[PDB]
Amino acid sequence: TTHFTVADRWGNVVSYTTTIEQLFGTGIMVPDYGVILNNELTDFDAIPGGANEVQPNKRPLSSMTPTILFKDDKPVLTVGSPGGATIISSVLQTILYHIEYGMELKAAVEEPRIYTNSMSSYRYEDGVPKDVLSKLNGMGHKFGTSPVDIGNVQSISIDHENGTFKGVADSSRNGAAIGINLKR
């Protein structure tokens, strides 16, 4: 998965998450055409019967969460990320750190994240304090012995009064933000 975002001078705003599921998908390439094939259908439940069971012509449930936030009926922030089931948590944490904690956008994106979807599955990024992990595990959480990067948030903020844009790329990949300043 990857997430990107664009905003232009006419007020159009795009927030786009896109994927082939695993890194390199199935690993299958269409011979003589170079196209790497998604394994997207493994996002369905393997055991049928429930909401996300496989059916023909059905789409597998996604965790992709491209998002645009608005203030006074104008778009002011885009957020999204790759990372499978962790995506929802990366978008959540970015919004929490930027809005609830009032952190500047790059800082909110870089704030160490955690993710956990059950009692047996935990991830944390470098910077989550060792004594916090000890305290949480002591209550019965199961954070592991080493950190892992979680997500990769690209984000744009828009200041409508000043007429300016700010773009941020997450250090978890080698992304780039590029502002437009037209010579005209």
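We number the residues from 1 along the sequence you see.
Averaged over their C-alpha atoms, the temperature factors of 16-24 and 166-174 are higher for 166-174. For the pair 49-57 and 65-73, the mean B factor over Cα atoms is greater in 65-73. Sorting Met139, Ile150, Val30, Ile156 by the CA temperature factor given in the entry leaves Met139 at the top. Sorting the modelled residues of the chain by their CA temperature factor places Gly84 in the middle third. Split the chain's modelled residues into thirds by C-alpha temperature factor. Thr42 is in the lowest one.
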